[PDB]
Amino acid sequence: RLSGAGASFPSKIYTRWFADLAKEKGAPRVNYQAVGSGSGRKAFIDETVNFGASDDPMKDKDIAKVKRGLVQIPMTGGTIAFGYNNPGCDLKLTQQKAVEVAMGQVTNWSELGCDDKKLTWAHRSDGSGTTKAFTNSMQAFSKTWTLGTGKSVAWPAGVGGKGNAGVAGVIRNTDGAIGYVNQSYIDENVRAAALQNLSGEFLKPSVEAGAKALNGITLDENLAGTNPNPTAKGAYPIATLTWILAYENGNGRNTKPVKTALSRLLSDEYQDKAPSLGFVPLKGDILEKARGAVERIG
């Protein structure tokens, strides 16, 4: 038996994976709660769960707060859409317009060249790694973006939704709404805008375009790393890895159960289900250090 909490960004693929895991002989049963990366980090630091989940990765400065030591493990990757509700506007955003929308400077769909319609911008109200990676991209897109980058930013305008799900919910229910959600939340009537990358093509989120953005990330000493505006051809420009946070020591009789769950999720068998929900299978050096990292847990 195990509890995980954090990032909503990966929660659709983690839930499937944990369901699959739960049927294998001598596998643990894992409950994952999707409460956002800010809350998952605090669950982790407070020792209320067996592992955390976050798309805003820990650094040298905040691992002083993890008494039992921190093993930080890339689990999957994905893209962040400008999801929107305006049927019969095929929205195609330049990097500059993208920033202007996100900055609250676009109040009507006319300003994007679609028909006249009040535009509503939907952002996260909770601490969020999707917000972190999204604003990380907005920052590198244009100096028109003045808010910096973190799990929350000082949005000048728009509506708040709790979680990826809440943001998607607001877009679903609001004609003319537009906001940022992980690719797995593009469904029913939330459509993804085609977004301009630095090579000048306008791309929608996909496994392909996402893997091309995550390709060239060198990982640091805690396997954290980002590519805020990919120079690579075919790369969707807002992509990020996401991480499980596990205790180096102190797991006790849950040591083997943790190691097995993470090992199973890092197998080819599991990673190869990622594309079903728009996620990027980890392969190559990224995957290898992830598996290596798991094997260091005590």
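In what follows, the structure referred to is the one given above.
This write-up is about the structure you can find in this document. (Residues numbered from 1 in each chain as written, not as in the entry; some residues may be left out. Heavy atoms only, no water.)

1. Describing the layout of surface pockets
Then step 1. Estimated volume of the largest pocket: approximately 150 Å³.
Then step 2. What lines the largest pocket is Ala211, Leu214, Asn215, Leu241, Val280, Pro281, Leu282, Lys283, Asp285 and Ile286.
Then step 3. Broken down by secondary-structure element, the contributors of at least two residues to the lining of the largest pocket are α6 (207-214) and α9 (284-295).
Then step 4. Classifying every residue of the lining of the largest pocket by side-chain character gives seven nonpolar, one polar and two charged. (1 Å grid on protein atoms, 1.4 Å probe; cavity = no way out; pocket = protein on both sides within 12 Å on 5 of 7 lines; lining within 4 Å. Points joined across faces, edges and corners; volume = space filled by probe spheres on them. Helix = DSSP H or I, 4+ residues; strand = E, 2+ residues; numbered from the N terminus. Nonpolar A, V, L, I, M, F, W, Y, C, P; charged D, E, K, R; others polar.)

2. Brief notes about the state of the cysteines
Here is the idea: a disulfide is a covalent bond, and it sits between the sulfur atoms of two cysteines.
Then step 1. On inspection of all chains with the given rule, the structure shows one disulfide.
Then step 2. With a sulfur-sulfur separation of 2.1 Å, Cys89 is cross-linked through a disulfide to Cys114. Here the S-S torsion is close to 70 degrees, and the disulfide linking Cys89 with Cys114 is therefore right-handed. Residue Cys89 is located in the loop between β4 (70-84) and β5 (92-93), and its partner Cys114 is located in the loop between α3 (95-102) and β6 (120-124); the two are separated by 25 residues in the primary sequence.
Then step 3. A relative accessible area of 2% places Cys89 in the buried class. (Disulfide = S-S within 2.5 Å. Buried < 20%, exposed > 50% of the residue type's maximum accessible area, 1.4 Å probe, protein only.)

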